[PDB]
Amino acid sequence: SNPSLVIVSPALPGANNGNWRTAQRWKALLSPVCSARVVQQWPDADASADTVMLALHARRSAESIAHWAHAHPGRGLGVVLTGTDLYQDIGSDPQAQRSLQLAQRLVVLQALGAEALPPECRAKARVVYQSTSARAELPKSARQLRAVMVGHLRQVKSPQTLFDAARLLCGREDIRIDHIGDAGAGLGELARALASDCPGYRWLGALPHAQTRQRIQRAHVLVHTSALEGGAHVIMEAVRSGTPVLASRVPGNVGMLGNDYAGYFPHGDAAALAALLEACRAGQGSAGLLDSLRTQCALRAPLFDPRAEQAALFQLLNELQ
């Protein structure tokens, strides 16, 4: 008999964020070989038919992870390290550390993620790069540089780095920056004030996923400053659109873009990001940095094909059964 998979995701049904997107897409991808359902907590009324658990975020789903582990000791449990659990919580949070213990498998969303796990947990760690649909790569104009950052405003995304970079460039009309993401910490008020002082910066608020991918595809560069990432959706969405990236040098980003990528800046170093934006703009009048990055990003694009994520999921599913 086919397994009955239950995905635990802390996102609210229908929400437009990474946690919901992973869960829905994993459900669609595993449905050829198993019955799949997504819940916010476990157990529930239908819990006794479940045979495999895939739980997102070792701390936020901790109580559901522990209920499963106590209900099925030694069998069927995979814990997915979404970012903040892995680069924050497992250093000191007791529940985060418990879920690492109890899991049969540990899923990290890029290659560098197991490095951040304790050594006794690496043997059961598994990499599942995420996937996304492609968009055709558009030729873009050389007359100005348009940059986009996408992420609901949370401190973990370090929007202050984009804020400060925008200011360093307050006086350049040939460089434009659009910021997509809900207000989400008072960072909204900081974006409105920036937008008023520097007309080259625009905070678009939250945008539905289709329009967001369109703007990623239309922009010259995606910018991503996060202090930590499990493996950000927005970066593969750019890569699979032919839109290169500039990103903070953090393991979550470096696992996605490559160890040798030429588009990193030290995290929170706003000046280093402004200079990358300047070098990208300078290269349009002349191969410049933009095309180097694009060449490097085209080499990363196959990592985010849906057939490859499903194959990784299939094998993980066998191992939990």
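We number the residues from 1 along the sequence you see.
Missing coordinates between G184 and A185 amount to 1 to 3 residues of the deposited sequence. Per the record, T295 and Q296 are directly connected, with no deposited-sequence residue omitted between them.
Set 185-193 against 206-214 and average the Cα temperature factors; 185-193 ends up higher. On average the C-alpha atoms of 10-18 have higher B-factors than those of the other stretch, with 10-18 and 305-313 being the two compared. When the C-alpha B-factors of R154, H220, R105, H224 are read from the PDB record, the largest value belongs to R154. Among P244, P139, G171, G83, the highest C-alpha B-factor in the deposited entry belongs to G171.
In the deposited entry, the Cα temperature factor of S286 sits in the top third of values across the chain's modelled residues. Remark: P73 belongs to the middle third of its chain, ranked by C-alpha B-factor as recorded. Remark: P251 belongs to the lowest third of its chain, ranked by C-alpha B-factor as recorded.
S61: CA B factor in the lowest third of modelled residues in this chain (values from the PDB entry). Remark: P43 belongs to the middle third of its chain, ranked by C-alpha B-factor as recorded.
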